[PDB]
Each structure stands twice: as C-alpha cells, then as structure tokens.
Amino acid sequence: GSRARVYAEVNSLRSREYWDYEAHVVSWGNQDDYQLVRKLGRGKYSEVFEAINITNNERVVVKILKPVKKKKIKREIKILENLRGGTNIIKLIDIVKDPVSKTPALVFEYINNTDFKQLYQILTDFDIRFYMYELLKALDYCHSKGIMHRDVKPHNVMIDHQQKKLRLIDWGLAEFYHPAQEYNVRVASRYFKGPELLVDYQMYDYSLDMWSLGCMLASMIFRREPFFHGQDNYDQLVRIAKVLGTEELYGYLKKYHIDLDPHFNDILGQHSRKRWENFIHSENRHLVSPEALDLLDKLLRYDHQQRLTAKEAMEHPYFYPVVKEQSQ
C-alpha cells in the first residue's frame, strides 16, 4: 500500500501520548477573561467571534465549539498543542469553557486579514512567491510533526498584507498520519480536494495538502480563483482531468489499484494533458515564469507520491528571490 515519502514514522517514534489525543487532559483558562465583540462566521461545528482579552485589552478570536463532538475537540486541541510555536501556524492563546454548561471555546491570536477575493487580484510576482513560501513553512512544520491539515484553502490562509504576516488556521479537520491507515475522504473544500479524495482512495498522506497548495498557487499566478471550479465532487474530477489528462488519470488509478466509480464513465470524456502555458494571457503574464510553471507542474500531479514535499517545494528556484531577500 501507499506510504508517505517523508515523516512516515514520526508518530510511531514518539511517545503514545503525543498522538493519542483521546487520552489528553485539557488545561482550562478563565472564560471571563474574554468578551465577545463581533461574530465573524460559523462553521458546521463551531462559530467564530472577534473578542477582547479584558486582562490586557488585546484583540483575540474566540471559536466556540458546538456541537460538542468530544473526540473531534480533543483532536484539535492536542494537534494545536503539538504545533505550538510552529512557524506561521495560528497561535492558540487559551482554552476555556462555560463553568455551568461546559461548552468549550478556543482562543487564538487576531490577524488583520485582507479578504483573499480582493487580495489575489493585486499581488505582485514577488508577493506570490513570498506568501507561498510562508505557507510552505507552516505545512513543512506540521507534516514534520506528523500532522496533515486536510483543509488548505484561501479562507484558512489568513494574510495581513500590511505587515506581511501569514497564518494557517482552522485545524478542526487535521489528523495524525499513521502509515497504512485508511482515512475519511470527506475532507477539504471541493475546489481543493486532491484527486485521491475524489476517487475514494483512503490511504492518503501529507501530500494531500500539497495538491491544495498547488491549487492556490495556480489561482494566484493565473488569476482564475478557484482554479478548478467543479459543480459537485464528480464534476470536480472532470475539471481536473480536462487539464491533467484522462489517460494519465487511468495510469494513476492502475498504479494504486484504485476502483473508479462507474458514474465517471459517462462524464470524463477523453482529454489530452494540457500545457500549463495554455492558461497564460495578457492579464496574468507578469505573474507567470518558467520557474512558476515548473513548480506548479510538480505539485498538481495525480500521483500523490510524486508530488513535491513541502521541503522540496521550498527548495525550488521559484523561491530563490524570497530566500535571497530573507538574507539581505
């Protein structure tokens, strides 16, 4: 069966308490330190507020977890503990609960985010390299800690374009990687789902995050956001196959012995692999380079095992201007 090319054994080489999140004992702060100011949004199992820490006047974010899916809550809490101090990972400030109802909430640092719909249309070539490099730092960190994020997408990549600060947020779908474990494919947003998820291949790994990152890179350099805009999960794979090719898809399925849902037979058609240069036009030309296209081609590949790791991506020549500037 398939295995990650990197960090495959990191969890088995650590103490069981590192990854056995169900056994984790939470340390609780003081709920009354935090005053809710404004609702930011709502997820399926949580709601997020801007708040003020009344002890230091500082703005924070409070994520109230409800439904209280107790196992999912300990998983997110333990993953955040394991990732503490990691580069560009959202900082968890506190964990509190209502003393009477016991409903728990997470408290995070506040990032003055620029909405990606507006931001992605005005980034320069250097900006794209810079922010992608910062995102890769967070992914290399979490993968090296034995954790897959599983929900990489613009909404979960918060960018303060004034201070040039990036944070990878929302670790509620993240999971520990264990070799040969079969994982639920109902993760990630439709537009960022790797082909392994779309064909119901459960033995995936950290490389799922690199497909999602490649999707973001494509949307930034080409200015089509989202880059692969399927109408549903079936159409999502069709949109991918029109670019990467159908014979190439079948070769990937054959390599990993993946069964293809027969509903695909009537919708996939026959499509050659396309050159990434086909997406260049006058409005995005200044953002595209041989280096960008080479990197993108090494990320948006069917074969999850052949995609660049986060570390390998950071070493790519596309990031040399960032590396050279982070040393001047």
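Numbers for residues come from their place in the sequence shown, where the first is 1.
A summary of the deposited B-factors shows that, of 119 to 127 and 87 to 95, the stretch with the larger mean C-alpha value is 119 to 127. As the entry records it, the average C-alpha temperature factor is higher for 217 to 225, out of 217 to 225 and 139 to 147. Per the PDB record, 26 has a higher Cα B-factor than any other of 300, 293, 60, 26. Taking only the listed residues 64, 287, 51, 54, the entry reports the highest CA temperature factor at 54. Among the modelled residues of its chain, residue 245 has a C-alpha B-factor that falls in the highest third according to the deposited record.
The entry lists a Cα temperature factor for residue 253 that places it in the middle third of the chain's modelled residues.
Compared with the other modelled residues of the chain, the Cα B-factor recorded for residue 190 ranks in the middle third. Annotation for residue 196: CA B-factor lies in the middle third of the chain's modelled residues. Per the deposited record, the Cα B-factor of residue 105 falls in the middle third when ranked against the other modelled residues of its chain.
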